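Visitor: Encoded as structure tokens, here's the structure I'll be asking about.
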Ligand SMILES: Cc1cc2nc3c(=O)[nH]c(=O)nc-3n(C[C@H](O)[C@H](O)[C@H](O)COP(=O)(O)O)c2cc1C
Ligand SMILES: Cc1cc2nc3c(=O)[nH]c(=O)nc-3n(C[C@H](O)[C@H](O)[C@H](O)COP(=O)(O)O)c2cc1C
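Residue numbers (the entry's author numbering), protein chains in the order written: chain A, 1 to 354; chain C, 1 to 354.
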């Protein structure tokens, strides 16, 4: 009589068949924000693998908000068609389709990870980036234009429009990317802010932008459908965001009608030694969930089925997200099920294999 | 000097990157012979997973030749567009796109395996079947209208047009399905085929259909592209086909220009006890390679990386085809490379996971 890895989960009118999600993972394979056949196959395989929730990569609410020129985008109505096609593949295979709205902020305009991931200058078809202050992310990175009032309203509107498009594309779950040194986290974290205005200083100020985005997003997204935020729970130095801070943000987000905190960390700056290891971020998921009375997703080097189960049974999170493990093994849910002794049918096309 | 599982294979203008092929596997997921997003993801995924050669399922050269109403088709020019799209995805991931042309013949007009695979009547969307004699396959199956002068050269033409179509879609490997109880095998096997024409009785006779089909295909198939034929090598019964016969058939197909025999078995009639087990068809692949001096593929309950490798190292076969292993694990070649100590990188999108 406790929740396990293969217990459904209901928020609003959306029921995940189990507690396994595919974590948002950029593919750097879009053209002008448009997906290719790559995306259909990549996301499809996991939905056929048996995960209950596919969350699409960081999808840029605007061109300047992309990590790379190859980022999936949602800044035009033209983006709706190919995304809904992806939604239909995913849902025919019994998973729920979700999407991560993103803005890379001062970390935008870089090359693909597998090409060294170096900043691309505006001469080579980069673009000027934005942020809370003109403080570059690292040596060699561009000097961001600090957002003023007009730039801030633009972002909120951009998230708001993106939300409409996601709805039209048939997504039944949306996550706001407010982690990994990107625009929202950059505002939230003391390490990147020097802003003395209402969008910095105190925690109440530093959270203002995430809060305006959340409200704009939430207002466009039917109360009926799950909304998530992904946070960088800790900056992993004493002078940055701590879990305590995160808890207070989660509490405020809950009040704004967010259904789930997806609990990540890192990214605000380079050179921060982060204690990586199996389930190293689960404790953040545990704390947020207890203390902010909100559902959480746990993530980071979760690869073993019994570990995933323990996370759900121990009430440390509601959702277990797999990144790399699902890249290695899109059929992991099916193996998880047999390892734990739960019932999961493969695609009918594959019955004669199992 | 001599090869292992990850050694390239050249035939004409086509270089397979390793010795691992995906065995043709019917998906029962087409409408009027057209594929869906199911196929693109299903086939793309195994190419993403690093197999050298993707053989598409049994693709019907005519409507009547389909196993099920839901079979892939290549009887119409309409079918070119969608299949080339499948080919471009496959080729973009570094694998070679192949296709198996098929005619279910007497076993034609049945439902999906997971829907009881029971015959479907003409009143109910079924179609009258065709083949060597008027004898049904088993209790319950329709009555095959025997093929005449006319019927025969329609089948031969069909295989030939299909072949033109496959070239147009960009397939660079073609296999003729002359196994599993289907039209060509049905004519080749004494069991259940009592024909007494020049298309029956003697081996010289029983093989005529396959040889003409072979000739037709070869003529349309450019000479720099490999051609394979899958055979049932044994009927597993005393009075049926034997490795001795298959060896003779192979020797004949080598002289017709066929580049490889894909060595399967079974399917002529029900009630034949088949001694299934790991590598149970591999001695057939060995013997055909030994005595007919022709390249071969092995297939049948091969799952282990070292066994697949041992098959190639020993010269039992040139190519190892995996069916069910790849349904279960599209990424098998990546795991098999790691276990045997060969370099095989995953798609760049996935490098962070390996
Ligand atoms: C290729 C790749 C792409 C990623 N893309 C995103 C992304 O678009 N958005 C995001 O919030 N996190 C992204 N991440 C981080 C993961 O979503 C996830 O939080 C973390 O890697 C979980 O660890 P795991 O990969 O060990 O499961 C990505 C990670 C990888 C390896
Ligand atoms: C779902 C499924 C569909 C298949 N469809 C075909 C087919 O279209 N053509 C064919 O020649 N063999 C077909 N086969 C047989 C396999 O290609 C293969 O030769 C045999 O299963 C080899 O053993 P393996 O699956 O253990 O590798 C199919 C097998 C399965 C399980």
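We put the beta carbon where it would ideally sit given N, CA and C, even for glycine.
#1: Buried or exposed: which applies to residue 151 of chain C, given that a residue is buried once 16 or more other Cβ atoms fall within 10 Å of its Cβ?
#2: May I have the straight-line CA-CA distance separating residue 169 of chain A from residue 84 of chain A, to the nearest angstrom?
#3: Since residue 41 of chain A meets chain C, which of its residues come closer than 8 Å, beta carbon to beta carbon?
#4: Can you check whether the CB of residue 333 of chain A is closer than 8 Å to the CB of residue 11 of chain A?
#5: Excluding the 5 residues preceding and the 5 following residue 366 of chain C in the sequence, name in chain order all residues of the same chain whose CB lies nearer than 8 Å to its CB.
#6: What three-state label does DSSP hand residue 143 of chain A in the structure shown?
#7: In whole angstroms, give me the CA-to-CA distance for residue 45 of chain C and residue 23 of chain A.
#8: Less than 8 Å between CB atoms is the rule here; does residue 350 of chain A satisfy it with respect to chain C?
#9: Is the region 33-40 of chain A in contact with the region 82-101 of chain A, if contact means three or more CB pairs nearer than 8 Å?
#10: Is there at least one Cβ from chain A nearer than 8 Å to residue 331 of chain C's Cβ?
#11: Measuring alpha carbon to alpha carbon, tell me which of C:234, C:307 and C:218 ends up nearest residue 101 of chain C.
#12: Since residue 90 of chain C and residue 54 of chain C are thought to touch, with beta carbons under 8 Å apart, how far apart are those beta carbons, to the nearest angstrom?
#13: Would you check if there are 3 or more beta carbon pairs closer than 8 Å linking the region 264-271 of chain A to the region 230-241 of chain A?
#14: Mind listing which residues of the region 110-130 of chain A have their C-beta closer than 9 Å to chain C's C-betas, in chain order?
#15: Inspect the beta-carbon positions of residue 308 of chain A and residue 9 of chain A and report whether they are closer than 8 Å.
#16: Between which two residues does the beta strand (DSSP E) containing residue 11 of chain C stretch?
#17: Name, in chain order, the residues that DSSP records as bridge partners for residue 73 of chain A.
#18: Chain C partners of residue 353 of chain A, CB-CB under 7 Å?
#19: Give the residues from the region 17-28 of chain A that approach chain C closer than 8 Å (Cβ to any Cβ), ordered along the chain.
#20: List the endpoints of the continuous beta strand (DSSP E) containing residue 68 of chain C.
#21: Taking only beta-carbon positions, decide if residue 355 of chain C is within less than 8 Å of chain A.
#22: By the 10 Å Cβ neighbour count, where 16 or more other Cβ atoms means buried, how is residue 77 of chain A classified, buried or exposed?
#23: Roughly how many whole angstroms lie between the Cα atoms of residue 230 of chain A and residue 120 of chain C?
#24: Can you check whether the CB of residue 43 of chain A is closer than 8 Å to the CB of residue 86 of chain A?
#25: Are the region 287-298 of chain A and the region 201-217 of chain A touching by the rule of at least three beta carbon pairs closer than 8 Å?
#26: Which residues does DSSP pair with residue 210 of chain A in a beta bridge?
#27: Does the beta-carbon distance from residue 131 of chain A to residue 105 of chain A come in below 8 Å?
#28: Looking at C-beta atoms only, is the number of pairs between the region 122-138 of chain A and the region 184-192 of chain A that lie closer than 8 Å three or more?
#29: Would you grab the beta carbon distance between residue 353 of chain A and residue 352 of chain C for me? Rounded to a whole angstrom, and I think it's under 8 Å.
#30: Classify residue 25 of chain A as helix, strand or coil using the three-state DSSP reduction.
#31: Can you give the Cα-Cα distance for residue 248 of chain A and residue 254 of chain A, rounded to whole angstroms?
#32: Considering only C-alpha positions, which residue in the set A:212, A:198 and A:176 is nearest to residue 154 of chain A?
#33: Please decide whether residue 343 of chain C counts as near chain A, where near means a Cβ-Cβ distance under 8 Å.
#34: For the beta strand (DSSP E) that residue 230 of chain C lies in, which residues bound it at each end?
#35: If distances are taken between C-alpha atoms only, which option among A:320, A:31 and A:337 comes closest to residue 278 of chain A?
#36: What's the call for residue 244 of chain A, buried or exposed, on a 16-neighbour Cβ count within 10 Å?
Guide: Walking through what the data contain:
#1: Sixteen is the threshold: since fewer than 16 other Cβ atoms of the shown chains lie within 10 Å of the Cβ of residue 151 of chain C, the residue is exposed.
#2: 4 Å
#3: Within chain C, the residues whose beta carbon sits less than 8 Å from that of residue 41 of chain A are 40, 41, 44, 45, 48 and 89, listed in sequence order.
#4: Going by C-beta atoms, residue 11 of chain A is not nearer than 8 Å to residue 333 of chain A.
#5: Since the first residue shown for chain C is 1 and the last is 354, residue 366 of chain C is missing from the structure and cannot be characterised.
#6: Residue 143 of chain A falls in the coil class under three-state DSSP.
#7: 19 Å
#8: yes
#9: Counting C-beta pairs closer than 8 Å gives three or more between the region 33-40 of chain A and the region 82-101 of chain A, which meets the contact rule.
#10: yes
#11: C:218
#12: 5 Å
#13: yes
#14: 112, 113, 114 and 115
#15: Not a contact, by the Cβ cut-off of 8 Å.
#16: 9-11
#17: A:60
#18: 324, 327 and 328
#19: 27 and 28
#20: Unbroken run through residue 68 of chain C: none, as it is neither H nor E.
#21: This structure cannot speak to residue 355 of chain C, because chain C is shown only from 1 to 354.
#22: exposed
#23: 52 Å
#24: yes
#25: no
#26: In the DSSP output, where bridge partners are listed per residue, residue 210 of chain A has none listed.
#27: In this structure, the beta-carbon distance from residue 131 of chain A to residue 105 of chain A falls below 8 Å.
#28: Three or more Cβ pairs drawn from the region 122-138 of chain A and the region 184-192 of chain A lie within less than 8 Å of each other, which places the two stretches in contact.
#29: That pair is no contact at about 28 Å.
#30: coil
#31: 10 Å
#32: A:212
#33: no
#34: 227-232
#35: A:320
#36: Residue 244 of chain A is exposed by the Cβ-count criterion.
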